[PDB]
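To start, the structure itself, in structure tokens.
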Amino acid sequence: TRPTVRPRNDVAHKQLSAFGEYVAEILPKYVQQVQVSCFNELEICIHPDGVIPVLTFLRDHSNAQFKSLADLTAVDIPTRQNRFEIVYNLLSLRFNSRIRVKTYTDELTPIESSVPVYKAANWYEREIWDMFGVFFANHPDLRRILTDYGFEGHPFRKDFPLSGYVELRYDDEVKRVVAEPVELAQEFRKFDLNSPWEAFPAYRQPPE
Amino acid sequence: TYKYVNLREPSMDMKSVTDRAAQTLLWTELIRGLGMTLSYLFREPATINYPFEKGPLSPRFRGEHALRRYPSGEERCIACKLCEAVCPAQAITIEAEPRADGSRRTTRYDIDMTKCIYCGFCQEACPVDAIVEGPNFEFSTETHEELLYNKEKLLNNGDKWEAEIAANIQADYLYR
Amino acid sequence: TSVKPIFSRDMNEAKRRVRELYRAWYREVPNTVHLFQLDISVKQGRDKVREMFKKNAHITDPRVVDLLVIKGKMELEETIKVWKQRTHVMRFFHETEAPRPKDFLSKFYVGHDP
Amino acid sequence: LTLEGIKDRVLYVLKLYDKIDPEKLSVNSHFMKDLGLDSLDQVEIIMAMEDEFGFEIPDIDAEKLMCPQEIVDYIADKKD
Amino acid sequence: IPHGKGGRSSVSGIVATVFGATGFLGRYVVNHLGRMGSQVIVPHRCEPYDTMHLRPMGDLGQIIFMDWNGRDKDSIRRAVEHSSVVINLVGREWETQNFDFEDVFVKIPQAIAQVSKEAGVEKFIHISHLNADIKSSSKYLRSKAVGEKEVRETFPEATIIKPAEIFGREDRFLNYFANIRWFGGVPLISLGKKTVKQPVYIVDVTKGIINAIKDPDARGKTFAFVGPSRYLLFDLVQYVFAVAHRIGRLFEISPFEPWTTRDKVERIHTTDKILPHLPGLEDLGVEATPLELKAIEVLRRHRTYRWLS
Amino acid sequence: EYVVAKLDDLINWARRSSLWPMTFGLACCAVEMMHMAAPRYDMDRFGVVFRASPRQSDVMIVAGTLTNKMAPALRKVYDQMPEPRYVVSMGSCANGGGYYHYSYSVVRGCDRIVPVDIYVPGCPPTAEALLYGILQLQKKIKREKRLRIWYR
Ligand SMILES: NC(=O)c1ccc[n+]([C@@H]2O[C@H](COP(=O)([O-])OP(=O)(O)OC[C@H]3O[C@@H](n4cnc5c(N)ncnc54)[C@H](OP(=O)(O)O)[C@@H]3O)[C@@H](O)[C@H]2O)c1
Ligand code: SF4
Ligand code: SF4
Ligand code: SF4
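Protein chains in written order, with our numbering: chain U, 312 to 519; chain S, 315 to 490; chain B, 29 to 142; chain V, 25 to 104; chain G, 87 to 395; chain L, -18 to 133.
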């Protein structure tokens, strides 16, 4: 197995079992699930209530530093019945580790800004309001970044047909550069790649 | 490990501080380089005198397209619909339909030359080894009605030089 | 449904709100209409504002009526300032686009199966 | 500061808009159990009596007016 | 056969041709065929580079250019052979130092009323003017009403058009005024009597053609183009100073392209409103456009901000 | 009679022999423009001095990708340029948009926005098929300003 297969390492997988055992121990009002990614990373499934609270515990302590906020992001899943998702991602400079914090939501239910905890979620929260539509309350500012001034669709979610709904073109009949509905010169062919037989037995979905 | 840069202290003694007061007030520095390191113009210029001289390349270069044919010509392409299906940009467009004898070939083959992003993914998927990125930057015509190519633009553009192409692959094909 | 509302509570403070920013729009259409150096009849600018606010009329719920606002509360930032150059505005009033039939027999001679 | 100040200003304005009221300038007009319009339209009327004559109505006032009585009167006790 | 929707990159089955189509009018028609889909073959005379400002008009592979002279009977026969409708705007103002101007409304509109009739065009079209009357006036305004007589002989189906004095954006009609910073405004001829004509706005005329371009059922039947209300005053020359608050040229300059102390001064005051019985517009409609509202746009001068009109 | 057509061996040799190109950096293609003005292939001093202000130019150059929000900016800049102007696009993204051609927020093609003259084709054109795209545009002035005044 050795030559071409990535050699594993156990030690990293013993501790991040422990150190994550007990952050389901000391904040049970919030944390509803925790696990260990086979590559030695953690995922803490947290109710939407604690967001400002939990980080603040992760913000300072002598057993968990997690000062460096690296990557806020999102994922949007239909047939999860609460659409979107957040994933915070935080590096603790002293202890050399990554621990990610997953919090679900919907469009209508607001989520509360993390901005006083870290000042680097200032932009990453302005963006998401543009793309997916999640609305972060009590945010020192909320505006439009990455997108034009016209997009009323909030694209990256799964209902926006790739080409947006209005192509643009300039005409000299007056002055302006004006907007006429999208008319392509090629279909954007849809290929179909998904092959049968279920090559993965381990992930086998429940028998049903 | 580490290093520390810009951590130093002035010496503070009258053997030194003249050396820093013979500098501010007499400009003993600042004429050191740009009184000199500028001139230093006496080196031979480096220019490729363009309309005539030209610069280096390598046998793996990418550029204008072609379709070869064997000795007495078969239009080497068999229309297996691959160089179409790995194409990131989706430039390629292919329509086969059985030729009279019953050997299959193409009808429409169109590489758009605006969309093509110059991968080197369509040189490397063709099993019968037809379609080949030429090493000629001949390009730049004046109308976008043009760069779209048909089949029977390509073949010529790939029979205009096959003395260029057929002698590169036999340098390069031993590596991959 | 149990989730915290955004600003309003039920329908009143909400429908105090939509009444409100109306005027910020209604009081400022025209200062722009001389500012971009765009030429229109200033009353058009007061028809569209009142053409839009009457549009979404059937809304049954808070947190929707607050959602739309958060959009509407924004625009007065850009427009009352200049973050648009004439051509993000005038796109509201569609000059160039040929009319749609919307009737029956005018369709049947042009276009398949809408 | 006269009751000929605030009855003169008011009563012509309501005529001046191009919309519904056709000389209902009687001071009682009770708005939509009375003459009728869209709620947003009633919220238009409030403004032009402020830029004129000077005033605000910041508050829930404009929701209760419902009649050039109250507006005159709420102006009456306001200025003088 | 028309496909899809009229946005762009569509078909709509009509070819065309538009002769002229460089100066003020022709540029402004083709721009309405670079939208609803077409094949607009625009030829042009001498101008290699003056035609570029046009090209982002049709999508791709729609409009296509040729070269022609027009006194060669072949140059009009090489293009049109494939066409559906062909309109004609050709002709201009002042007599050229080369073209003697006499038959350029006579021989040219017939020179293209050559094999076009023969070769099987259809819905051929030509232009007239509201004020051209074969009685004696006006040296330029004449020879135009000859085409209505002389040329109408050929191609019994025309639907030849008769519009008024038009005001565009870059147009020279209402722009001869306000260029008149000069010893003073002197009306024509120092009289406030018969101004003004029917000043229709250039959109409606250029929306007339493409409304007759497949009408249907207007061929041979000529139309004339209503103005707005109603006739007009002297104030039009005051109106200019009311709001204004008081191709292939050369490298350096042009020797003569003047104000023409000739027909020009008397062509503007010829007025002669004419026969109502022509259908002529709402039937081809639906368009009519005013003046008071649309004359700020085309007029912008050294205040560039204040209006209060 | 013949003096005109001999005069255009001056004015049509002046405008082609001194060009003051604007450039647009936007995307990858800008770096393979720089190396045209670096000393290897030396852009300037072959007659074309590099960037100046918007007002003083002749040939603007489009690199890069043109999104929605950049279109209102370009079309304005193209105007202000003086008369003898041209537009030479380059790169596979001013020709119909590289890839991104199917995206939502990219204008498709940059011919749509302006009357473009010469084209060049590929992520970065190799800093060569640039200059051989200009020695097209210095050979694309064979035109004569004679035969507009002097025929019609
Ligand atoms: N219906 C109206 O209201 C009205 C008003 C004024 C004048 N007109 C006349 O009706 C037509 C409208 O013309 P317009 O508004 O477009 O102005 P225009 O400037 O006269 O446009 C005519 C275009 O065709 C060109 N041209 C001139 N003589 C030509 C010829 N013999 N052969 C080919 N091209 C010639 C002109 O210069 P190039 O040769 O370089 O292309 C110009 O490009 C003209 O005939 C005009 O004299 C009509
Ligand atoms: S070359 Fe290879 S890929 Fe391209 S068509 Fe012929 S076979 Fe299919
Ligand atoms: S060249 Fe690059 S882009 Fe053009 S087809 Fe082959 S792979 Fe796809
Ligand atoms: S194509 Fe030319 S422009 Fe588009 S990305 Fe690659 S380099 Fe930058």
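We treat Cβ as the ideally placed atom computed from N, Cα and C, and that holds for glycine.
Under 8 Å from the C-beta of residue i: neighbouring residues of chain B
| i | result |
| --- | --- |
| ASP387 (chain U) | Residues of chain B passing the Cβ test: none, with the nearest at roughly 17 Å. |
| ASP62 (chain V) | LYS82 |
| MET71 (chain V) | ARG51, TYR54 and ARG55 |
Where residue i falls, given that 16 or more other Cβ within 10 Å makes a residue buried
| i | result |
| --- | --- |
| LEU377 (chain G) | buried |
| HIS122 (chain B) | exposed |
| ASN76 (chain L) | buried |
| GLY294 (chain G) | buried |
| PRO35 (chain L) | exposed |
| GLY387 (chain S) | exposed |
| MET442 (chain U) | buried |
| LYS359 (chain G) | exposed |
| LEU383 (chain U) | buried |
| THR315 (chain U) | exposed |
| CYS349 (chain U) | exposed |
| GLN125 (chain G) | buried |
Contact test: residue i Cβ vs ligand 4 heavy atom, cutoff 7 Å
| i | result |
| --- | --- |
| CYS436 (chain S) | no |
Closer than 8 Å to chain L by CB, residue i
| i | result |
| --- | --- |
| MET138 (chain G) | yes |
| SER340 (chain G) | yes |
| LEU469 (chain S) | no |
| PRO134 (chain G) | yes |
| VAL488 (chain U) | yes |
| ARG480 (chain U) | yes |
Amino acids of chain U, ordered along the chain, whose beta-carbon sits closer than 7 Å to that of residue i
| i | result |
| --- | --- |
| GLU125 (chain B) | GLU491 |
Beta-carbon neighbours of residue i, restricted to chain L and to distances below 9 Å
| i | result |
| --- | --- |
| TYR325 (chain G) | Going along chain L, no residue has its Cβ under 9 Å from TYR325 (chain G), so there is no contact; the nearest lies around 29 Å. |
Minimum Cβ-Cβ distance from residue i to chain G less than 8 Å
| i | result |
| --- | --- |
| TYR435 (chain U) | no |
| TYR80 (chain L) | no |
| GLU494 (chain U) | yes |
| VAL110 (chain B) | no |
Proximity test, Cβ basis, 8 Å: residue i and chain B
| i | result |
| --- | --- |
| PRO314 (chain U) | no |
| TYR460 (chain U) | yes |
| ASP483 (chain U) | no |
| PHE446 (chain U) | yes |
| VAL67 (chain V) | yes |
Cross-chain neighbours of residue i in chain L, by beta carbon under 8 Å
| i | result |
| --- | --- |
| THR115 (chain B) | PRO53 |
Residue i: CB within 7 Å of a non-hydrogen atom of ligand 3
| i | result |
| --- | --- |
| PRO402 (chain S) | yes |
| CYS10 (chain L) | no |
Beta-carbon neighbours of residue i, restricted to chain G and to distances below 7 Å
| i | result |
| --- | --- |
| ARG93 (chain L) | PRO142 |
| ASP67 (chain B) | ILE382 and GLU383 |
Contact with chain V by residue i, beta-carbon distance below 8 Å
| i | result |
| --- | --- |
| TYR137 (chain B) | no |
| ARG47 (chain B) | yes |
Within-8 Å CB hit, residue i to chain U
| i | result |
| --- | --- |
| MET80 (chain B) | no |
| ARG387 (chain G) | no |
| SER95 (chain G) | yes |
Contact list for residue i against chain B, beta-carbon separation under 7 Å
| i | result |
| --- | --- |
| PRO88 (chain G) | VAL138 |
9 Å Cβ cut-off: residues of chain B touching residue i
| i | result |
| --- | --- |
| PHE471 (chain U) | Ordered by position in chain B, no residue passes the 9 Å Cβ test against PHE471 (chain U), which lies about 17 Å from the chain. |
Residue i Cβ short of 7 Å to ligand 1 heavy atom set
| i | result |
| --- | --- |
| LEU119 (chain G) | no |
Chain G contact residues for residue i, given Cβ-Cβ distances below 9 Å
| i | result |
| --- | --- |
| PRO106 (chain L) | The premise fails here: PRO106 (chain L) is roughly 22 Å from chain G at the closest Cβ pair, so nothing lies under 9 Å. |
Closer than 7 Å: residue i CB and nearest ligand 2 heavy atom
| i | result |
| --- | --- |
| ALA393 (chain S) | yes |
Is the segment 399 to 409 of chain S close to the segment 424 to 431 of chain S, with three or more CB pairs under 8 Å? yes
Do the segment 65 to 80 of chain V and the segment 120 to 130 of chain B touch if we need at least three Cβ pairs shorter than 8 Å? no
At least three beta-carbon pairs within less than 8 Å, the segment 113 to 120 of chain G to the segment 312 to 320 of chain G: no
With three or more C-beta pairs closer than 8 Å as the rule, is the segment -1 to 12 of chain L touching the segment 98 to 106 of chain L? yes
Quick test of the definition: if touching needs 3 or more C-beta pairs under 8 Å, does the segment 345 to 359 of chain S touch the segment 440 to 452 of chain S? no
Check whether the segment 125 to 145 of chain G and the segment 285 to 293 of chain G touch, using three or more Cβ-Cβ pairs below 8 Å as the test. no
Does the contact criterion of 3 or more C-beta pairs under 8 Å hold for the segment -17 to -4 of chain L versus the segment 265 to 281 of chain G? no
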